[PDB]
Protein chains: 2
Amino acid sequence: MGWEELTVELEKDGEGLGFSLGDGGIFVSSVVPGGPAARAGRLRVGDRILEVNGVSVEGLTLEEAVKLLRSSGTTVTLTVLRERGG
Amino acid sequence: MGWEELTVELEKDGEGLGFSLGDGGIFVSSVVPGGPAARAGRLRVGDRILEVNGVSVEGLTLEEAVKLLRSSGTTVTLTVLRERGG
C-alpha cells in the first residue's frame with residue numbers, strides 16, 4: 001500500500017463545502033524515557049501511526065490498534081507520520 | 001511546515017516496546033453526493049485532514065477542527081493524507 005499527501009481546494013456552494021468531519025485515528029501518546037521507542041531515531045510523542053508491521057490502522061479503534069500491536073511479536077516496524085517544522 | 005513519513009523498527013526489552021497509543025485526529029466522515037467535495041479530484045471518505053488553509057490540525061479536538069474550518073472563509077484548501085492501494 002501507500003500514503004498519498006494531497007491538496008484539495010473547495011469553494012462553498014449554497015450548502016457549504018459539502019463534507020463532514022469525524023474524530024479518530026491512532027497516535028503515540030507517551031514514550032517511556034530510556035526505552036526502545038525513545039532511542040534516537042525512533043518515536044516521538046504525537047507521531048501518527050499509519051501501519052504496524054505493514055498492516056494499516058486506517059478505520060481501527062484504539063482497542064483494535066492496541067491489540068494489533070500486542071499481537072505483532074518481539075520486533076515491530078511502525079510506519080508513522082510526523083509533523084516537522086511546526 | 002511539513003509532513004514526514006518514516007519507519008521505526010522497535011525490539012521489546014523487559015518492559016516491552018516502551019510507548020503507548022492514544023485515539024484522536026480528524027478525518028472526512030461523509031461527503032455530500034454532488035457537492036463541492038465530491039467533484040472529481042477532491043475529497044474521499046476516510047481522508048485524514050492534516051491542514052486547513054495551512055493551519056495544522058495536529059493536537060486539535062474535533063470541535064477545534066470544525067470551528068477552524070467554519071472560520072476559514074469561502075474558499076478552503078485542505079491538506080490531506082489518503083491511503084492508496086489497500
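Heavy-atom basis, side chains included; hydrogens, waters and symmetry copies ignored. A note on names: the letters A, B, ... follow the listed sequences, proteins ahead of strands, and every chain is numbered from 1.
- When the options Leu50(B), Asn53(B), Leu69(B) are evaluated for a side chain to side chain contact (heavy atoms under 4.5 Å, CB included) with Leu78(B), the one that passes is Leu69(B).
- Remark: the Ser56(A) side chain and the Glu83(B) side chain contain an N/O donor-acceptor pair separated by less than 3.5 Å.
- Using a 4.5 Å cut-off on side-chain heavy atoms (C-beta onward), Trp3(B) and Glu5(A) make contact.
- Contact count against chain A (heavy-atom pairs under 4.5 Å) is highest for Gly24(B) among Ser30(B), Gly46(B), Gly24(B), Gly85(B).
- Residue with the most contacts toward chain B among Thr7(A), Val28(A), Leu62(A), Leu21(A): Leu21(A) (heavy-atom pairs, distance under 4.5 Å).
- Note that the OG1 atom of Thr77(A) and the CG atom of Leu10(B) stand 8.0 Å from one another [nearest 0.5 Å].
- Ranked by non-hydrogen atom pairs under 4.5 Å with chain A, the options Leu6(B), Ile26(B), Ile49(B) are led by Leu6(B).
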